[PDB]
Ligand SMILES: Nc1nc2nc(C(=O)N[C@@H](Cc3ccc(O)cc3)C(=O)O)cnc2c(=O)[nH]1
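Given next, in structure tokens, is a single chain: the form deposited without the ligand.
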């Protein structure tokens, strides 16, 4: 089927995570479209069904495994297989709903959740915000098993959403932001568990709009500023591509260049 990139939390090191996130990146976009030194994901328009997704297989040292599907056009998790059962986020759109049926062909049977995989809904099903859900190799381990046992009936709904919030940031958001990859890398370095600081929340809230501001930018300078946050709550605005170059690694395709 689609490309599969493998990660494991058992003996996961700074190398193992770093090489994982590159592999995921190198499979999300071809690196062909780059705007002001930042790579652009593929354009959904014109992209064939056979190169629409990639899969990431996550395992424990409890040896549970689970396969997550990412939508190559936005690098975001659309669903996950676990043994003989696939579960999909509520597609916001009918043509997404059809691309979905092209994944995990052989699963015993499909399931589509009523809720989408966006943070607002995902946090309210988990009963806690991102600010309070710790991330790290530990939390991911827990999340991997919680996805595996949902099929079995052992994972309650707030824990499934909580597990989704862990995987989306430590996989997808890290693939978009070297910044966020480094925050995860810092946690793997000191084997700590830690909820994301305001700087990380804000980048992930801003990704869509940063993708727009860079790609529609004239010569690097933004039409309007974008507000970001330091590691304290304190705020500051970005007007220009240049400080984002080390911070963003993939952008959602938003228009064509001249």
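Numbering follows the first chain given and starts at 1.
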| Greater mean Cα temperature factor according to the PDB record, 91 to 99 or 183 to 191 | 91 to 99
| request: Could you check which stretch, 208 to 216 or 44 to 52, carries the larger mean CA temperature factor in the entry? | output: 44 to 52
| note | Residue set 132, 137, 178, 74, per-entry CA B-factor max assigned to 132
| In the PDB entry, which of 168, 144, 78, 126 has its C-alpha at the highest B-factor? | 126
| field | Chain thirds of CA B-factor: placement of residue 174 | value | lowest
| note | On the chain's distribution of Cα B-factors, residue 202 falls within the third called lowest
| query | Going by the entry, which third of its chain does the Cα temperature factor of residue 14 land in? | reply | middle
| Relative to the other modelled residues in the chain, which third contains the C-alpha temperature factor of residue 231: lowest, middle or highest? | middle
| field | Chain-wide C-alpha B factor ranking for residue 119, given as lowest, middle or highest third | value | middle
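The protein also exists as the form deposited with the ligand bound; that form is not presented, and the subsequent description refers to it.
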| said: Just to confirm, with a 4.5 Å cut-off on non-hydrogen atoms, which of 86, 78, 161, 133 contacts the ligand in the entry with it bound? | reply: 78
| query | With the cut-off set at 4.5 Å between non-hydrogen atoms, does residue 204 touch the ligand in the entry with it bound? | reply | yes
| request: Please check if residue 186 has a heavy atom lying within 4.5 Å of any heavy atom of the ligand in the entry with it bound. | output: no
| said: residue 92 versus the ligand, in the entry with it bound: is there a non-hydrogen atom within 4.5 Å? | reply: yes
| said: Residue-level question: is residue 104 within 4.5 Å of the ligand in the entry with it bound, judged on heavy atoms? | reply: no
| said: Under the 4.5 Å heavy atom criterion, name the residues of 167 to 194 that approach the ligand in the entry with it bound, in sequence order. | reply: 168, 172, 173, 176
